[PDB]
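One structure is given below, encoded as structure tokens.
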Amino acid sequence: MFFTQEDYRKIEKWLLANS
Amino acid sequence: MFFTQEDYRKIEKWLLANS
Amino acid sequence: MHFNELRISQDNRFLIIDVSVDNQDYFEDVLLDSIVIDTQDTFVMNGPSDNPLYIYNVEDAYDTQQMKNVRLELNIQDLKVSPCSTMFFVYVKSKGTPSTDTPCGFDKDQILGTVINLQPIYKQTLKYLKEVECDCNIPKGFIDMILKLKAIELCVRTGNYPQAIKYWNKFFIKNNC
Amino acid sequence: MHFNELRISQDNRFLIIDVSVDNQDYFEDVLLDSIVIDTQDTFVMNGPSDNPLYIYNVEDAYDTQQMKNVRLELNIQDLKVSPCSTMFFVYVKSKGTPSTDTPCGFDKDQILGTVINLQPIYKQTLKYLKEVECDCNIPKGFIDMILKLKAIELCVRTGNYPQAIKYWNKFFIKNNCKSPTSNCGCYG
Amino acid sequence: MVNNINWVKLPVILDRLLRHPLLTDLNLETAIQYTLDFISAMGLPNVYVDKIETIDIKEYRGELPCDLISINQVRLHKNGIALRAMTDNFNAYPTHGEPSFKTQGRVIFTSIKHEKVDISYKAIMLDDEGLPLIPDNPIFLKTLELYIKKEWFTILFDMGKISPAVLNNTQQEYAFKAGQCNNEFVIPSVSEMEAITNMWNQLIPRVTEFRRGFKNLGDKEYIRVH
Amino acid sequence: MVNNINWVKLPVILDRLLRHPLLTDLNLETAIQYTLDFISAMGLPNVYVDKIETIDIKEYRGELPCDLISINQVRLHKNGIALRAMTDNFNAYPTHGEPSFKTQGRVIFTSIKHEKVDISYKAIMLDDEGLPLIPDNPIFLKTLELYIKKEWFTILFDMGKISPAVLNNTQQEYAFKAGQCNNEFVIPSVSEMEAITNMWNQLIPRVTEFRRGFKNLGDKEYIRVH
Amino acid sequence: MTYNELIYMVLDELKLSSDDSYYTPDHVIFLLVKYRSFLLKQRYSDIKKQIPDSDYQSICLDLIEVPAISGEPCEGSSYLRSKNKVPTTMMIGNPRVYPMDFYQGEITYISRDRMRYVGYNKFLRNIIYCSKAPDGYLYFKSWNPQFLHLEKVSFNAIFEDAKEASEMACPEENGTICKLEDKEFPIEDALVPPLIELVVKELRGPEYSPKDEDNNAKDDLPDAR
Amino acid sequence: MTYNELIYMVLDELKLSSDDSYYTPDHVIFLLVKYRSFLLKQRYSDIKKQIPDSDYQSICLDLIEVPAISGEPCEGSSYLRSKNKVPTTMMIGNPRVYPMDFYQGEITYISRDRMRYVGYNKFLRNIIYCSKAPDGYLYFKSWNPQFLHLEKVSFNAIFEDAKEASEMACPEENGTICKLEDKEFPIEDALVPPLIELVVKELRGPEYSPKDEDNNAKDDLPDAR
Amino acid sequence: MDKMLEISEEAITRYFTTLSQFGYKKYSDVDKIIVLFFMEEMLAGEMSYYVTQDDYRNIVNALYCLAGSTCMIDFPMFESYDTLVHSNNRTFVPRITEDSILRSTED
Amino acid sequence: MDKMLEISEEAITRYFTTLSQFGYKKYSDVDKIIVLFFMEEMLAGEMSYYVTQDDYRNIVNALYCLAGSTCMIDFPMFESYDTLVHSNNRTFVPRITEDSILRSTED
């Protein structure tokens with residue numbers, strides 16, 4: 001499995017959306 | 001990637017293991 | 001899951017997707033989630049890319065067995081892509097959890113289906129046959145086209161989609177239909 | 001009566017069989033009798049051999065649409081045969097009588113379906129794949145692999161099963177693959 | 001050339017060589033190599049197939065056909081103007097005229113960036129098998145026979161399995177037939193002498209048939225009467 | 001050269017040499033050395049790869065490319081003006097004109113302190129392995145075959161394992177094919193004769209194509225009509 | 001003529017008729033087979049002459065695909081080779097491997113050293129090359145993947161040992177000949193008297209020589225016993 | 001043919017059948033192996049001729065990295081060498097070390113004196129060179145550090161002593177042949193009668209010569225005892 | 001068709017029989033085989049719905065260039081009872097020596 | 001990835017197996033190996049956070065130039081069930097011989 005920058009951006013944005 | 005909803009649940013779950 | 005039919009309509013106006021979930025007794029909890037369409041320009045290895053051609057969510061259409069079967073007829077001209085020279089990649093995902101008695105390897109949540117328009121290949125074969133009718137000599141370009149198609153088929157069946165994109169763009173991109 | 005899904009799993013574990021009777025309205029009284037799995041080494045011209053690899057009587061179950069549709073997921077390790085160097089012959093025997101007025105040739109009590117693992121063959125073909133790119137040379141290896149596979153295909157679809165084994169033994173009996181890991185893996 | 005190049009398959013030469021009991025270990029595999037060597041050593045342009053094939057120039061470079069051996073001309077597709085040999089030593093190299101070309105391998109180096117060029121080239125006539133196809137001229141056939149016999153006898157002489165007199169005779173005969181074969185394929189026919197004559201007598205000399213594809217080289221030069 | 005330099009790998013020559021039972025101890029290792037010797041002894045400029053590569057001059061000195069064998073030209077990068085051979089005996093030595101150069105090893109001695117110079121040089125075409133790559137011209141191939149055979153037979157004659165007549169024949173054949181191979185690679189093609197013709201006929205002679213990269217050497221000389 | 005006729009010509013000229021003879025027919029077969037190659041080399045190695053059809057033999061081979069070294073991916077392309085070891089040919093005649101039809105096919109028998117380097121010529125990429133490796137087997141090489149389907153070939157040459165090549169002949173129309181004695185000896189009739197007199201001269205002297213004929217824990221030959 | 005067939009041809013022509021014979025088969029093996037090299041030199045040293053495949057043998061070597069002199073830093077780059085001492089090749093054939101595939105690889109067998117100086121040519125920096133040092137071992141040299149990974153090679157040449165090279169053959173498909181007598185003797189059939197008659201002439205005279213046969217603290221040979 | 005299958009199977013079996021006997025077959029004929037079974041799979045698959053009768057005519061007339069081209073491919077035989085000149089088995093049966101106003105008559 | 005690891009390990013094991021059998025391998029292929037495991041360590045390390053999806057596309061398409069380039073590197077195989085022309089298993093089930101105002105109907 002490999003993550004790109006955009007994947008991390010999605011993950012962090014979605015973490016912050018629900019906190 | 002195209003993250004599913006359950007994957008976001010998985011990521012938050014694994015982050016709160018270290019709660 | 002699996003594909004019932006996956007083709008471009010014979011009138012070169014619709015891209016037909018018909019998906020179903022497999023009928024085994026241990027996939028009752030597995031449904032369908034979404035359909036994401038990608039082209040040879042936006043395709044990436046790890047799943048559907050960002051900024052896809054067309055995202056579809058199945059909950060919106062229906063108001064539970066209905067969500068185990070989905071059919072679409074996407075007007076290609078609405079997608080703003082050429083039906084002649086485009087390689088659609090159709091991903092499907094499952095919003096479900098199979099039973100614990102699932103045999104190893106069958107719990108694959110995502111699938112992929114590659115689509116091309118077969119009309120330009122048919123016309124090209126007809127041209128080459130018409131040339132064969134004269135002096136009963138097989139053009140080398142005809143054997144080249146056949147073997148290049150077989151190369152792309154092997155690339156698709158073995159999962160090596162990027163080299164299939166290179167072959168498609170380099171060899172079959174200029175198509176008339 | 002026809003085959004719905006006939007394959008070997010790409011993880012080299014399961015010989016998947018999914019046979020179901022035709023849905024026409026003359027095929028009610030016809031049921032499934034048994035499923036006999038046979039290999040290239042124990043093949044006979046007519047019907048299954050008297051020493052098959054695996055037998056499965058359908059009637060030893062719930063006793064009607066459950067009979068008309070059957071699915072097997074045999075583990076190949078249990079059969080003690082190589083998933084890749086083996087060619088399976090799946091015979092399906094019917095139990096019943098189709099009601100009259102059916103066109104002749106449709107009332108075939110028995111069908112045969114051949115199974116092979118195409119993954120090693122694709123491995124072998126990918127070696128010569130790149131010859132297609134280069135011009136001024138015939139892609140001789142690519143053409144040879146294509147013809148080798150197409151030979152088994154046509155000899156199967158024509159019913160010429162013996163020459164199908166001769167070609168299989170000549171070409172693909174020495175196929176190698178990663179044997180399935182008995183301890184299952186974590187993934188999803 | 002007076003006679004016509006009627007093609008026949010390569011083992012026609014093995015029909016004739018194997019008449020000699022000392023050449024019975026010769027093969028199609030050996031005949032192919034020595035036939036190609038003979039074809040090159042004679043350098044006759046009537047033995048090759050004339051072909052024309054267009055290619056694209058990406059940037060001062062173009063891909064060359066597979067069967068090319070020698071180029072008659074290169075010209076621009078849109079104008080038809082022929083190209084000359086490139087004498088420039090820094091052709092597409094910038095710092096901080098008429099078109100020309102240069103070919104080494106599978107690549108043709110032109111002085112133009114992006115144009116289609118037409119190449120008139122010579123290839124080898126092949127068989128239904130991918131093999132050379134030889135003229136059936138009995139002079140050509142006898143000379144190729146004598147070439148192969150001379151090479152085989154030279155090896156056998158290096159061993160000491162042939163007399164020096166036998167090799168000397170073979171070399172003499174091959175030399176005479178080589179000269180005769182050279183004159184057979186090169187001396188013009190009657191139509192080629194009419195073309196040469198129309199090239200030779202010009203009251204007003206024509207000195208620009210390279211620009212065209214030498215189309216008007218043998219055209220007669222008419223002077224109006226006054 | 002009339003024909004094109006289609007490249008083939010070195011063991012093509014060992015295919016042909018080993019036909020001779022007396023040459024069966026030959027190797028790729030021996031073929032490499034004798035092939036390089038033949039390449040140099042013939043000195044054919046069509047066998048080398050033309051390259052252009054810029055370098056910096058630190059102070060009357062510059063580092064030279066690795067694969068360089070011979071220099072066609074050196075010129076200044078910014079002006080494009082070519083350099084000549086340096087005749088000066090104290091070039092960068094002070095006490096208490098036009099630019100020129102001099103090259104000995106990996107170092108080029110120019111008369112300029114700090115400038116970029118463009119060098120158009122010739123190298124050897126290499127293989128996927130770092131090995132020489134030979135033309136497939138059967139004249140070139142036959143001549144290289146005869147060269148290696150001549151050297152091997154000369155050693156064996158120094159031992160006394162070959163007859164003097166056999167060596168004399170080998171030397172005669174190699175000499176003739178060497179002359180023929182020299183003429184094959186050097187005689188101009190049709191395009192090269194158009195360039196030579198446009199160099200030859202000038203009503204107003206052009207005598208300054210060294211300043212340019214000989215770009216206009218084969219350009220036709222047009223006179224306006226009055 | 002057969003092995004039997006030559007063997008018994010030699011035995012009868014030596015008059016080795018009794019079963020209690022020191023020199024058996026096995027000695028005769030050995031000497032005949034070696035002197036055949038001796039004579040064939042003396043006749044047809046000085047300068048090149050016509051070799052008659054009598055000196056030749058067709059051995060009959062089954063080919064199998066084998067790796068170049070082992071089953072590794074980078075060990076090079078595979079070869080075909082004969083299942084059984086092949087006799088060494090003498091270098092005097094017209095060696096030829098053919099595909100069960102002498103008048104058809106182009107399979108080239110070349111040297112071991114040459115076959116290291118063959119097929120690079122673009123017009124010679126479809127020729128099958130043969131040579132006997134030092135392993136003792138006949139190896140096949142080609143740049144055309146079709147050659148790996150080849151199953152059977154016949155090899156006709158002046159083999160260096162007639163016995164080995166006679167054991168591996170193709171089946172005749174009637175069938176195989178089990179006894180070597182009933183097979184045909186591979187030599188021209190013009191070279192049979194020279195071969196016979198050489199073998200008879202070889203065994204004439206030893207025929208009448210003394211033996212260590214007493215059993216006394218002693219060497220009895222210096223006494224002409 | 002095998003060592004056994006040649007040995008017993010010689011013994012039977014000499015009629016050395018009894019176990020109480022002065023000249024044993026060991027004398028025969030020694031004389032055969034020496035006369036083989038004698039004949040091979042007489043035939044193939046005057047002027048260059050074709051050597052048949054029968055004269056050749058493949059010995060089979062395991063290589064080990066060794067220091068040039070000792071383990072010192074400045075003692076030069078290391079070599080590979082065969083674990084066991086290698087036979088001396090005769091200088092008449094086509095010596096060749098190959099990497100278990102005769103039709104592949106480029107490992108050069110050269111002289112000791114040449115190998116002092118090899119590889120300086122920039123295009124010859126990747127060629128592996130071989131030579132038998134006076135130590136008796138086969139040494140390998142190259143400017144390419146990859147050559148030090150080489151583990152196994154086969155060496156095919158006309159070795160000067162057939163017994164030494166027969167003890168070191170590669171395993172056959174069936175397996176190793178323990179008895180030298182069951183192995184193949186390395187000589188062409190055309191040179192077998194010359195070899196046999198030379199050995200038989202060598203031992204014919206001594207076969208019938210007298211012995212010092214009395215045990216009397218005396219030399220009994222002048223009396224023809 | 002059911003016959004393109006037979007022709008293709010026969011063609012490739014002859015191909016591999018030739019590669020078994022010999023170790024070579026002309027690639028100019030391998031090209032004909034490639035065209036042949038490519039057409040067979042084309043017409044027996046999902047792309048047979050694009051074929052008109054004009055296309056069928058052209059495809060058949062292009063395939064019969066391959067018929068006697070090589071030894072692998074033969075001229076197919078179909079079950080036929082016709083010929084260029086037919087036999088006339090009609091019988092003459094006049095009525096009591098009668099004729100019409102211009103010509104003869106029968107039953 | 002978990003697969004660049006496998007490709008690199010297979011590539012170098014083939015490299016050293018070749019250096020064991022022979023004593024040489026083309027440095028034009030050692031270059032491909034160097035690029036391959038340099039990319040593998042680049043993407044499996046601290047520098048994988050600089051990679052966009054465009055960069056991922058470019059990296060993958062540049063790595064597949066190495067795929068069949070040499071014998072050490074092979075074309076990877078992924079678990080795929082697709083093809084260029086798919087099979088249509090839909091079934092036709094009309095309702096009591098009915099049709100709509102223009103066309104047929106099913107369940």
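Residues in the structure tokens are numbered from 1 in each chain, the chains being A, B, ... in the order shown, and ligands are numbered from 1 in the order shown.
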
Chain F residues near chain G (8 Å cut-off, only C-alpha atoms) as a PyMOL selection string
chain F and resi 9+11-12+14-15+18-19+24-25

Written selection (C-alpha atoms) as a PDB file, in the first residue's frame:
ATOM      1  CA  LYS F   9      27.021  -7.197 -32.636  1.00  0.00           C
ATOM      2  CA  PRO F  11      30.084 -12.197 -32.616  1.00  0.00           C
ATOM      3  CA  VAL F  12      28.634 -11.897 -36.124  1.00  0.00           C
ATOM      4  CA  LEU F  14      32.875 -15.166 -35.051  1.00  0.00           C
ATOM      5  CA  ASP F  15      29.951 -16.843 -36.792  1.00  0.00           C
ATOM      6  CA  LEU F  18      34.704 -20.310 -37.045  1.00  0.00           C
ATOM      7  CA  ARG F  19      33.560 -21.837 -40.340  1.00  0.00           C
ATOM      8  CA  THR F  24      38.309 -22.542 -33.871  1.00  0.00           C
ATOM      9  CA  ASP F  25      40.516 -21.332 -30.996  1.00  0.00           C
TER      10      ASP F  25
END

Kindly determine which residues of chain A lie within 12 Å of chain J, considering only C-alpha atoms, and give the answer as a PyMOL selection string.
chain A and resi 1-9

Identify every residue of chain E that has at least one atom within 8 Å of any atom of chain F, counting only C-alpha atoms, and report the result as a ChimeraX atom specification.
/E:36-37,40-41,68-73,83-91,93,95-98,103-106,155,157-159,210

Same residues, N, CA and C atoms, saved as an mmCIF file, in the first residue's frame:
data_model
loop_
_atom_site.group_PDB
_atom_site.id
_atom_site.type_symbol
_atom_site.label_atom_id
_atom_site.label_comp_id
_atom_site.auth_asym_id
_atom_site.auth_seq_id
_atom_site.Cartn_x
_atom_site.Cartn_y
_atom_site.Cartn_z
ATOM 1 N N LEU E 36 24.936 -13.429 -49.792
ATOM 2 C CA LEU E 36 24.898 -12.042 -49.347
ATOM 3 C C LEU E 36 26.255 -11.375 -49.529
ATOM 4 N N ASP E 37 27.337 -12.107 -49.245
ATOM 5 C CA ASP E 37 28.675 -11.566 -49.461
ATOM 6 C C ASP E 37 28.911 -11.232 -50.926
ATOM 7 N N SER E 40 26.937 -8.095 -51.971
ATOM 8 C CA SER E 40 27.562 -6.849 -51.543
ATOM 9 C C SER E 40 28.845 -6.574 -52.312
ATOM 10 N N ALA E 41 29.686 -7.594 -52.493
ATOM 11 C CA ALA E 41 30.975 -7.396 -53.144
ATOM 12 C C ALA E 41 30.814 -6.927 -54.578
ATOM 13 N N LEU E 68 15.953 -0.960 -45.215
ATOM 14 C CA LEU E 68 16.788 -0.045 -45.976
ATOM 15 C C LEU E 68 18.238 -0.508 -45.988
ATOM 16 N N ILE E 69 18.850 -0.461 -47.171
ATOM 17 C CA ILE E 69 20.278 -0.676 -47.335
ATOM 18 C C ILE E 69 20.978 0.573 -47.843
ATOM 19 N N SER E 70 20.421 1.214 -48.863
ATOM 20 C CA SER E 70 21.021 2.402 -49.438
ATOM 21 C C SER E 70 19.906 3.332 -49.889
ATOM 22 N N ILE E 71 20.192 4.627 -49.831
ATOM 23 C CA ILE E 71 19.233 5.677 -50.142
ATOM 24 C C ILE E 71 19.568 6.220 -51.518
ATOM 25 N N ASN E 72 18.570 6.255 -52.400
ATOM 26 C CA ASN E 72 18.735 6.934 -53.679
ATOM 27 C C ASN E 72 18.641 8.445 -53.499
ATOM 28 N N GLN E 73 17.568 8.903 -52.861
ATOM 29 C CA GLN E 73 17.285 10.312 -52.622
ATOM 30 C C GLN E 73 16.542 10.439 -51.306
ATOM 31 N N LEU E 83 17.072 16.638 -50.893
ATOM 32 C CA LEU E 83 18.068 16.986 -49.894
ATOM 33 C C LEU E 83 19.439 16.519 -50.359
ATOM 34 N N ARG E 84 20.471 17.194 -49.870
ATOM 35 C CA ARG E 84 21.853 16.831 -50.141
ATOM 36 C C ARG E 84 22.500 16.258 -48.890
ATOM 37 N N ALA E 85 23.743 15.822 -49.044
ATOM 38 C CA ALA E 85 24.516 15.360 -47.904
ATOM 39 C C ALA E 85 24.836 16.519 -46.977
ATOM 40 N N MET E 86 24.784 16.251 -45.681
ATOM 41 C CA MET E 86 25.030 17.259 -44.662
ATOM 42 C C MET E 86 26.524 17.338 -44.401
ATOM 43 N N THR E 87 27.110 18.500 -44.674
ATOM 44 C CA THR E 87 28.504 18.757 -44.350
ATOM 45 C C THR E 87 28.684 19.473 -43.016
ATOM 46 N N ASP E 88 27.608 19.976 -42.417
ATOM 47 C CA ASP E 88 27.700 20.743 -41.184
ATOM 48 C C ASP E 88 28.140 19.845 -40.034
ATOM 49 N N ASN E 89 29.040 20.356 -39.191
ATOM 50 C CA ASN E 89 29.492 19.623 -38.013
ATOM 51 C C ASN E 89 28.687 19.929 -36.757
ATOM 52 N N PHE E 90 27.893 20.997 -36.692
ATOM 53 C CA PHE E 90 26.991 21.303 -35.554
ATOM 54 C C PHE E 90 25.588 21.512 -36.118
ATOM 55 N N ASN E 91 24.911 20.479 -36.611
ATOM 56 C CA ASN E 91 23.619 20.607 -37.338
ATOM 57 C C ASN E 91 22.431 21.098 -36.521
ATOM 58 N N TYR E 93 22.744 21.651 -33.113
ATOM 59 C CA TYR E 93 23.329 22.144 -31.860
ATOM 60 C C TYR E 93 23.212 23.639 -32.001
ATOM 61 N N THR E 95 23.896 27.788 -30.855
ATOM 62 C CA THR E 95 24.828 28.665 -30.160
ATOM 63 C C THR E 95 24.099 29.337 -28.995
ATOM 64 N N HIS E 96 24.712 30.368 -28.419
ATOM 65 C CA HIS E 96 24.123 31.125 -27.320
ATOM 66 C C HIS E 96 23.950 32.589 -27.717
ATOM 67 N N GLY E 97 19.533 27.793 -44.236
ATOM 68 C CA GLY E 97 20.064 27.427 -45.536
ATOM 69 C C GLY E 97 19.227 26.358 -46.204
ATOM 70 N N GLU E 98 19.777 25.717 -47.227
ATOM 71 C CA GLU E 98 19.046 24.655 -47.899
ATOM 72 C C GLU E 98 19.010 23.424 -46.999
ATOM 73 N N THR E 103 22.585 9.955 -42.597
ATOM 74 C CA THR E 103 22.018 8.710 -42.097
ATOM 75 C C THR E 103 23.148 7.808 -41.635
ATOM 76 N N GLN E 104 23.031 7.258 -40.424
ATOM 77 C CA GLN E 104 24.011 6.297 -39.935
ATOM 78 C C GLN E 104 23.414 4.919 -39.693
ATOM 79 N N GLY E 105 22.414 4.800 -38.826
ATOM 80 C CA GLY E 105 21.867 3.502 -38.479
ATOM 81 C C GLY E 105 20.425 3.368 -38.901
ATOM 82 N N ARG E 106 19.543 3.285 -37.915
ATOM 83 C CA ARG E 106 18.108 3.376 -38.116
ATOM 84 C C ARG E 106 17.610 4.811 -38.063
ATOM 85 N N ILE E 155 39.350 -22.526 -48.254
ATOM 86 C CA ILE E 155 39.436 -23.213 -46.961
ATOM 87 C C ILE E 155 40.161 -24.546 -47.119
ATOM 88 N N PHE E 157 42.214 -25.513 -49.243
ATOM 89 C CA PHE E 157 43.622 -25.305 -49.538
ATOM 90 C C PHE E 157 44.382 -24.909 -48.281
ATOM 91 N N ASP E 158 43.755 -24.102 -47.419
ATOM 92 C CA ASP E 158 44.358 -23.784 -46.129
ATOM 93 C C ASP E 158 44.580 -25.047 -45.306
ATOM 94 N N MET E 159 43.688 -26.029 -45.440
ATOM 95 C CA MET E 159 43.958 -27.348 -44.867
ATOM 96 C C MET E 159 45.029 -28.125 -45.612
ATOM 97 N N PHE E 210 19.308 16.973 -59.842
ATOM 98 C CA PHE E 210 19.242 16.511 -58.465
ATOM 99 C C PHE E 210 18.062 17.123 -57.726
#

Select, as a count of residues only, those residues of chain J with any atom no more than 9 Å from chain F (distances computed using only C-alpha atoms).
5

Name all residues at most 10 Å from segment 70-78 of chain H (count only C-alpha atoms; drop same-chain ones fewer than 3 positions away) and give them as a ChimeraX atom specification.
/H:65-67,81,140-143,145,148

Output N, CA and C atoms for every residue in the selection just made, as a compact mmCIF listing (two decimals), in the first residue's frame.
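And here's part-v6.txt as it stands now:
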# COMPACT_ATOMS: atom_id res chain seq x y z
N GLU H 65 37.80 -17.94 -3.60
CA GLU H 65 38.60 -16.73 -3.55
C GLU H 65 39.82 -16.94 -2.67
N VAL H 66 40.97 -16.49 -3.15
CA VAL H 66 42.24 -16.61 -2.43
C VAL H 66 42.97 -15.28 -2.51
N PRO H 67 43.82 -14.92 -1.54
CA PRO H 67 44.61 -13.70 -1.69
C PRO H 67 45.67 -13.86 -2.76
N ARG H 81 40.48 -19.38 -7.47
CA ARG H 81 41.23 -20.53 -7.95
C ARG H 81 40.46 -21.80 -7.63
N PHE H 140 42.08 -17.59 -11.67
CA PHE H 140 41.22 -16.71 -12.45
C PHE H 140 41.55 -15.26 -12.12
N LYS H 141 41.43 -14.40 -13.11
CA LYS H 141 41.80 -13.00 -12.98
C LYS H 141 40.85 -12.16 -13.81
N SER H 142 40.42 -11.02 -13.27
CA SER H 142 39.60 -10.08 -14.02
C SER H 142 39.62 -8.75 -13.28
N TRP H 143 39.34 -7.69 -14.03
CA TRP H 143 39.20 -6.35 -13.48
C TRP H 143 37.76 -6.03 -13.08
N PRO H 145 34.83 -6.78 -10.51
CA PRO H 145 34.61 -7.44 -9.22
C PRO H 145 33.54 -8.52 -9.21
N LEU H 148 34.36 -12.51 -8.82
CA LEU H 148 34.64 -13.18 -7.56
C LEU H 148 33.43 -13.91 -7.00

Rows by chain and residue number, chain I within 8 Å of chain G, shortest pair, only C-alpha atoms, as JSON lines:
{"residue": "I:16", "atom": "CA", "partner": "G:149", "partner_atom": "CA", "distance": 7.7}
{"residue": "I:19", "atom": "CA", "partner": "G:149", "partner_atom": "CA", "distance": 5.5}
{"residue": "I:20", "atom": "CA", "partner": "G:150", "partner_atom": "CA", "distance": 4.5}
{"residue": "I:21", "atom": "CA", "partner": "G:150", "partner_atom": "CA", "distance": 6.1}
{"residue": "I:22", "atom": "CA", "partner": "G:99", "partner_atom": "CA", "distance": 5.9}
{"residue": "I:23", "atom": "CA", "partner": "G:147", "partner_atom": "CA", "distance": 4.1}
{"residue": "I:24", "atom": "CA", "partner": "G:146", "partner_atom": "CA", "distance": 5.8}
{"residue": "I:25", "atom": "CA", "partner": "G:146", "partner_atom": "CA", "distance": 7.8}

Could you write out the selected residues, including N, CA and C atoms, as a short mmCIF file (atom, residue, chain, number, x, y, z; two decimals), in the first residue's frame?
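Result saved to part_22.cif:
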data_model
loop_
_atom_site.label_atom_id
_atom_site.label_comp_id
_atom_site.auth_asym_id
_atom_site.auth_seq_id
_atom_site.Cartn_x
_atom_site.Cartn_y
_atom_site.Cartn_z
N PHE I 16 1.14 -27.34 -35.54
CA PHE I 16 1.97 -27.95 -34.51
C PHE I 16 2.48 -29.32 -34.93
N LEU I 19 5.55 -28.25 -36.79
CA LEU I 19 6.58 -27.88 -35.83
C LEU I 19 7.11 -29.08 -35.06
N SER I 20 6.37 -30.18 -35.02
CA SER I 20 6.87 -31.40 -34.40
C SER I 20 7.78 -32.17 -35.36
N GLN I 21 7.34 -32.36 -36.60
CA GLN I 21 8.18 -33.05 -37.58
C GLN I 21 9.43 -32.23 -37.88
N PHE I 22 9.23 -31.02 -38.39
CA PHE I 22 10.33 -30.09 -38.65
C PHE I 22 10.41 -29.15 -37.46
N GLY I 23 11.32 -28.19 -37.50
CA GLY I 23 11.43 -27.22 -36.43
C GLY I 23 11.22 -25.82 -36.94
N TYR I 24 10.37 -25.71 -37.96
CA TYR I 24 10.24 -24.46 -38.69
C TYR I 24 8.97 -24.51 -39.52
N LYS I 25 8.29 -23.38 -39.62
CA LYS I 25 7.25 -23.18 -40.60
C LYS I 25 7.27 -21.71 -41.00
#

Between atom CA of residue 102 of chain D and atom CA of residue 105 of chain J, what distance in Å does the model show, to one decimal?
24.9 Å

Spatial neighbours of residue 172 of chain H, max dist 10 Å, only C-alpha atoms, sep filter under 4 positions, as a list in words:
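Result of the neighbour search: residues 135 and 136 of chain G; 176 and 177 of chain H.
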
Which residues of chain J have any atom within 9 Å of an atom in chain D when counting only C-alpha atoms, and what is the closest pair of atoms for each, with the distance in Å to one decimal? Order the rows by chain and rising number and write it as a tab-separated table.
residue	atom	partner	partner_atom	distance
J:67	CA	D:130	CA	9.0
J:68	CA	D:130	CA	6.3
J:69	CA	D:130	CA	8.3
J:71	CA	D:127	CA	8.5
J:74	CA	D:127	CA	7.3
J:75	CA	D:126	CA	6.4
J:76	CA	D:123	CA	8.8
J:77	CA	D:123	CA	7.7
J:79	CA	D:10	CA	6.9
J:80	CA	D:10	CA	8.6
J:89	CA	D:4	CA	8.9

Who sits within 9 Å of residue 31 of chain I, only C-alpha atoms, same chain under 5 positions skipped, as a ChimeraX atom specification:
/C:138,140,143 /I:26,36

Can you write just those residues out, N, CA and C atoms, as an mmCIF file, in the first residue's frame?
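Here's the written file again.cif:
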data_model
loop_
_atom_site.group_PDB
_atom_site.id
_atom_site.type_symbol
_atom_site.label_atom_id
_atom_site.label_comp_id
_atom_site.auth_asym_id
_atom_site.auth_seq_id
_atom_site.Cartn_x
_atom_site.Cartn_y
_atom_site.Cartn_z
ATOM 1 N N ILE C 138 -1.587 -10.710 -47.178
ATOM 2 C CA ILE C 138 -1.922 -10.203 -45.850
ATOM 3 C C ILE C 138 -1.021 -9.012 -45.537
ATOM 4 N N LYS C 140 1.216 -6.511 -43.403
ATOM 5 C CA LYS C 140 1.908 -6.663 -42.130
ATOM 6 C C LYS C 140 1.275 -5.802 -41.048
ATOM 7 N N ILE C 143 -1.431 -7.970 -39.188
ATOM 8 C CA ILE C 143 -0.866 -8.838 -38.159
ATOM 9 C C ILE C 143 -0.369 -8.007 -36.988
ATOM 10 N N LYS I 26 7.005 -21.437 -42.274
ATOM 11 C CA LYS I 26 7.085 -20.074 -42.784
ATOM 12 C C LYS I 26 6.222 -19.149 -41.948
ATOM 13 N N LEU I 36 -6.615 -16.071 -39.594
ATOM 14 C CA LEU I 36 -7.728 -17.003 -39.626
ATOM 15 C C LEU I 36 -8.393 -17.124 -38.262
#
